[PDB]
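Listed here are the chains, written in short residue letters.
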Amino acid sequence: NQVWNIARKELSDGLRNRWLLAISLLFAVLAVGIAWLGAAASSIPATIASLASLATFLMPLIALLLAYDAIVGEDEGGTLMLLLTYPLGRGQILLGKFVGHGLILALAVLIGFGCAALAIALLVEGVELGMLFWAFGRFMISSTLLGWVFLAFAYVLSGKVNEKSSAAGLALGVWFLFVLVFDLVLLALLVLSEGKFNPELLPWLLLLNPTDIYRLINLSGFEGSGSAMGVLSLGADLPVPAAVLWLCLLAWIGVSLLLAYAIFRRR
Amino acid sequence: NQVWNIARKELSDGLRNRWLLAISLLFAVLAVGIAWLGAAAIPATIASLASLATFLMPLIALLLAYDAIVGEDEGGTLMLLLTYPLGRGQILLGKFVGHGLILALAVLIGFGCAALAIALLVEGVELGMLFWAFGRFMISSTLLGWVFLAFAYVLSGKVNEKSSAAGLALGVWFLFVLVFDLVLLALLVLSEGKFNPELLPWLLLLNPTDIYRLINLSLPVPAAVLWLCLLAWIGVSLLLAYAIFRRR
Amino acid sequence: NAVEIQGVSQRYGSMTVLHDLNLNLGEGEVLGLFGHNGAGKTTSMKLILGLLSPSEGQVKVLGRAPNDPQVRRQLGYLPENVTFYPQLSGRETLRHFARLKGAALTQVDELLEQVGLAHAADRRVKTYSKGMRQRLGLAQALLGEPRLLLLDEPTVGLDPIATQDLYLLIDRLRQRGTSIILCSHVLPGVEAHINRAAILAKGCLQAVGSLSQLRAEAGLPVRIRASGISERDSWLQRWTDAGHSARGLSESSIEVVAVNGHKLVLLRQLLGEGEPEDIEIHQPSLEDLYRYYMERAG
Amino acid sequence: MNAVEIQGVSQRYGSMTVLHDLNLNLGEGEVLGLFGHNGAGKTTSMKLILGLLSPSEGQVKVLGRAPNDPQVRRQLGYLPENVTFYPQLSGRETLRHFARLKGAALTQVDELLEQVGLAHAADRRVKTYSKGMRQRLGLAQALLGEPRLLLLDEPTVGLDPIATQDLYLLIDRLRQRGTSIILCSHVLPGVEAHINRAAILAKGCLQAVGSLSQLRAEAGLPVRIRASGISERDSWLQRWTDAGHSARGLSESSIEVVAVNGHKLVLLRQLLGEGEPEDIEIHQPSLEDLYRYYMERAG
Amino acid sequence: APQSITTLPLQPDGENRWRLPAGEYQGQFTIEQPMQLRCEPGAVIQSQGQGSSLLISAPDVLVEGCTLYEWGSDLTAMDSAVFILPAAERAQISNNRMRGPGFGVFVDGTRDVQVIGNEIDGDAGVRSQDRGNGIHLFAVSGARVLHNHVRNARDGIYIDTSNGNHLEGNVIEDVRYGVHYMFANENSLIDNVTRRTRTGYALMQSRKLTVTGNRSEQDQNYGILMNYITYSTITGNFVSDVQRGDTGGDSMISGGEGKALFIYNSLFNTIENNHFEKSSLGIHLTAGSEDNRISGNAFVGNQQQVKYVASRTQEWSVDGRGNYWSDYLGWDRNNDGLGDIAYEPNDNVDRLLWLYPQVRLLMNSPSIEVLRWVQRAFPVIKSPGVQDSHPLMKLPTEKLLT
Ligand SMILES: [Mg+2]
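Reading the values: rules and limits
- Residues numbered from 1 in each chain as written, not as in the entry; some residues may be left out.
- Chains lettered and ligands numbered in written order.
- Heavy atoms only, no water.
- Donors = N, O, S within 2.8 Å, 3.2 Å for Na, K, Ca; no water.
- Buried < 20%, exposed > 50% of the residue type's maximum accessible area, 1.4 Å probe, protein only.
- Helix = DSSP H or I, 4+ residues; strand = E, 2+ residues; numbered from the N terminus.
- Pairing = 2+ DSSP bridges.
- Axes fitted to C-alpha atoms, helices over the stretch in contact; angles between N-to-C directions.
- Domains from an automatic or database assignment.
- Contact = heavy atoms within 4.5 Å.
- Buried area = accessible area lost by both parts, 1.4 Å probe.
- Salt bridge = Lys/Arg side-chain N within 4 Å of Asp/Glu carboxyl O.
- Polar contact = N/O pair within 3.5 Å; in protein donor to acceptor, adjacent residues only side chain to side chain.
- Nonpolar A, V, L, I, M, F, W, Y, C, P; charged D, E, K, R; others polar.

Method of structure determination, per the deposited record: cryo-EM was used for this entry, reaching 3.6 Å resolution.

Let us now look at the coordination of the magnesium ion. Listed as protein donors to the magnesium ion are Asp332(E) (OD), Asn334(E) (O), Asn334(E) (OD1), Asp336(E) (OD) and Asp340(E) (OD); their distances from the metal cover 2.0 to 2.6 Å. Mapped onto the sequence, the donors of the magnesium ion take the spacing D-x1-N-x1-D-x3-D.

A few words on the pairing of strand 24 (residues 199-204) of chain E. Residue and element names in this part refer to chain E. Counted residue by residue, strand 24 has six buried out of six residues, so it is predominantly covered. Two elements, strand 21 (residues 177-182) and strand 24, share five bridges in a ladder whose sense is parallel. The partner of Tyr181 across the bridge, within strand 24, is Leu203. Across four bridges, the pairing between strand 24 and strand 27 (residues 224-227) is parallel. If you follow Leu203 over to strand 27, its bridge partner there is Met226.

Another point: the sheet that holds strand 18 (residues 157-160) of chain E. As a general point, the strands of a sheet are linked pairwise by backbone hydrogen bonds and lie either parallel or antiparallel. All names here are of chain E. Reading across from one edge, 3-6-9-12-15-18-21-24-27-30-33-36 is the order of the 12 strands in this open sheet, with parallel pairing throughout. What marks the edges here is a single partner per strand, and that holds for strand 3 (29-31) and strand 36 (304-308). Strand-to-strand twist across the sheet, computed as the mean angle between neighbouring axes with direction ignored, equals 10 degrees. Examined bridge by bridge, strand 15 (residues 135-138) and strand 18 share two bridges and lie parallel to one another.

Before going further, it helps to examine the domain arrangement of chain E. All names here are of chain E. As assigned here, chain E comprises domain 1 (4-346) and domain 2 (347-384). Distance from the C-alpha centre of domain 1 to the C-alpha centre of domain 2: 39 Å. Contacts between domain 1 and domain 2 engage 12 residues on the former and eight residues on the latter. Both sides together, the interface formed by domain 1 and domain 2 hides about 790 Å², and carbon and sulfur atoms give 53% of it. By the criterion of area lost to domain 2, the three top residues of domain 1 are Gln304, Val309 and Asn346, representing 49% of everything that side buries. At the junction of domain 1 and domain 2, the tally comes to one salt bridge. Across the pair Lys382 and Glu344 runs a salt bridge, and its minimum N-O distance is 3.3 Å. Where domain 1 meets domain 2, there are three residue pairs in polar contact. Each residue belonging to the side of domain 1 that touches domain 2 can be placed in one class, and the counts come to five nonpolar, four polar and three charged.

Turning our eyes to something else, we now look at the interface of chain C and chain D. The interface of chain C with chain D comprises 31 residues on the first partner and 28 residues on the second. Both faces considered, chain C and chain D share a buried interface measuring about 3,000 Å² in area, 61% of it formed by carbon and sulfur atoms. Taken together, the links from chain C to chain D amount to zero salt bridges. Our count for the chain C to chain D interface comes out at seven residue pairs in polar contact. Looking at the side of chain C that touches chain D, the elements that each hand over two or more residues are helix 6 (160-176), helix 8 (263-272) and helix 9 (286-297) of chain C. Element by element, the count of residues in the side of chain C that touches chain D is highest for helix 8 of chain C, at five residues.

Following this line, the structure appears as structure tokens:
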């Protein structure tokens, strides 16, 4: 298939990016360090909310470092106009780049949360291996989905621009807006209104931010204290169950990938 | 003098940089937004403004001048400019004048609207103390920016490609702002038997971000030693940049 | 009959940037498109590749549709400037393009030696020169026996030993039966290797045909210059007897502007009486023919 | 008054000598072409004429002075290859910047913007310029002041053949005034009508220097006589084989003769005496074929 | 040393009730008989500067309306103004003016003594080390000291081992200590005002006592100092603007930066509804004093709210209702009085400053501003502190500012 033949390139091109392997080893040496501090203090709801905050800062960062120059990095490099004269479509050199960069994020977090689990089962004596495999299995198949959102965000902001220097400004703008501005805009809207703006609409604004849907999935069972949540204490007021929160994370992929394909179809 | 004829280029080229004007606007809003929450909610707000200009004035200086030498070598104009009646000293010092007056203006839009938000929202601020504490603030924020300007000329002349210049410009910003003081705290809270804490006021002089805060927080040395140590960080690193630029 | 463009008048933005070009290309010829870098030449280049839709007209590449996958395995496109993938190697870039076009993987090791790039194989493309990337750009164009090359300036940034060897590689493929289109701007030198030129200007295809036809359909003076002649005083007049102006520009740079209507009587005068030193029948080159047809259009 | 007197230089980097015993003498109004590979044979000899390097075992005398004087570089244009100027600056402000550095008057900026054909795209950014549009800007700074030496390193890359012929028409207007220039090019067909004397040089040494009439006379290269239907191809193929010239047996009605141009005075007498000359083309061995010979003469 | 009968008292009523007319007197005086003597307002009983001026040795003596001047200063021989013997049970000392360099009211061994409404101006020139006590109480059970005005004495109202007694509504200005407590088990004090004092309330080793409604305006370096108090009740105290300074002698306390409340080894006590305002430290909690009911206070305007140099967690909310904090940047979605997120008053970098004072040079650094945000993002590095779930949104002490 042609979707795999161009996925095999990006799997062998993203792994030679030295800027990726710096901040993917930084994801590995911090997830061991958080899980070691979570082992010496024993607690359990504090080492889950800190790992989910660690992957909030880094799994959008590895996704936007990969794919900000996926379309516009090939357009000004000349090899995009060449690729359309090969037996391909615009839907195959985008979904193929999504499969190729998606297996890197599926491997950058299997390295990261894989050694984080081995720094718990070999550190915390008498831990429940069934509870460890289930909690860190929920971390693996949902930090990819957060990574695949910002991967699909980067194809939107690469097809729209026509210069790679302006794509790096938008990819830094999307990383700043969704991670640590929307968490601060929602905080400043709650502080300055003292919680009396809207008592029913404000928990639904967490679904307009995929880093907040990511944090609400992993903090489902291990709630614990309220200050470990912070802004995410609004998530107890959400009447939706846990299964739709998986589906709103997949809908953030599929809407922002069909938008990524409709932009690229009129490139 | 041809040190000014190449300085008028860098004013006209630096003020049209889209990356600089985004950060310099973000520097001027946050200097108002700290002054908004420090007057309605003056040494308490000039210390929080010092922590702001320690974050962004190294970042503004490294965004201007990381591609000053190696960005011209990749563009080919550096090889063209040496065949003109121009020494290698006048290109570097003329870029330092041209990039220097940009962030000497970026603190006048940065703190010119921050001191306006203090002098018009306290109503009795006693502005004779304001124009000497902010006059010492705008001068010392330019000299901090001129260090990281001269730091950017050192790493630009050493590298051969524009991609590895930004990899070093990010590394100097991490090391001199928030890695040197984190290893100062780790030398305190983890070592106490072989770390004299009286020695630590002299190691604050090895960091131009640290000397920047010490002349906005007024200590075994006087004030005048710290002004002559901040200017020594400019004059050594510019002489180091001139020694690197003569070996291309 | 490889490329049969008929009646195409491409409109975009209601501007009509191409108009009514009837460009039939034979099955062994080497055509040359010689417009500017504006919307006349590069629009007709995108029509043959199939990545543009011909409004009001039909483009038939190899007897079929231009965007079919069965004919797009038989094309080869060398673009203008392709800094390909700086972190990939030389073999892995060409094996990537071999998997996409359906070519056999045994062609990659015998194309990195056919093009002079076996010393730089398994080395990264960031360590390549501009000429070495044009060598790599040619290597994916000859991938899997293409029946239609389409080279858009293949000899820029390239040494003249490799440039002369590239046109011999072009002349090997012309005898094999593969039509080549040379969209170029390095017009001195390309006139020895093309079969038919196609000068298009302001959208309208002005002139097409071989080099013998473009000199026949356009009266141009042959420019004989004899630098370093033995005798010069009688050579100002003995050629001017049939209306050929003995115009000079230096101490001895007499560029006699002839009329191309009296070629019998000047050579029987020269070889019947008097010994020559260096006769120079200088045909009207591709710069002078292009400067006539572009001037005729405006 | 020779402009460039490269007098026995020997430039080395470490132990390797990248340029050995180069001995050039460019005249006062000659246009010389430094032809060769992109390695250290040609691109270091271009830098010794500039003030960029120093002769490790010789001396260069550009315009009768040392190459690093400020009086030399005020009358020395240099267009480099693959140049990309400051993209946020405008086209007029880039020339107004370069006129202030060379000491040229600011009234020469608008003359040279009209002269290279950049009047319409002036006051627009360099980022919205083409490749050939930047070559017009890079040529325009080389003509600043009154230059007496130009080093046009690849001037016609990405330029249209009207603008390419506009550039060489500006060269013959310039070299009549007395500005002796230097080409460092690779498009060898086309430059040969304007190169006064070629300077084909190998990896290390200097292979050949002199005019095109001296290179064709010294290097014995065969003339490329092409015809189309004089009398008949098959009746004319036998004649050059007894006279010692190669007659290629092409397909139909075409006579390609590779003659050795030592006998071509009398070889054309029998060709004229039996038929009409109505379509002939005698081509001298070009600079593309001469450079291929001198690379095989050493290497 | 004469007696009270050696004066000229005119009897108004015949139930051992006397009335001294206006006019000065001289020397010490001694009451040996139960005489309920009153005085005219011009009765300036001025001693010569030695001895206890009005010694009382008889039970049930209602001293009223006197004006005492210039008694002794021998603190070792305890030259008081009003000396009250242990046999002088149920003495009433009502509405008196005192000016002299020794003890104002020295009582010892007494029961049900009443020291009401007096004005005791201590000294002006002595260095607050030999001025003598204002109202000294030495092991009295039943006493009622109410609404006096002690100024410029040494350590204010000193109380030593006195069990059951009330201190209601008395104003204490410019003294060393405001109210001193030494082993006074099961005591009580209501609505007292202490102004400009080098320690507002000394609570040393006294259990089971009630400290309610008291005010401390602009005192120095210690607002309410509690040492080893158990089963107490701290309800409604208003501690305002404890500025820095020094006591000048540094005998039993040290110099401080200004602490509105300093809890030293107090195990069980209810600290509710208080108001700690505009000091440098709102509350200092030592490591030995843990697990006591601290809920409902108002920590407004303090430069640092809690100082807690420990790593043990300390919940500060009984029955789900917490304290009002001025820097609490929280919201209230479900419209109750409580906030929705918990409030940690201390970071990890706020306790490195207490452990190591050289971090004060690094306190303006961006790395410290990074480390304040890393704790808010990564709660594994947050040391277990002095948080309270459900803090208050509004001021609970809306009445204490009047
Ligand atoms: Mg609530």
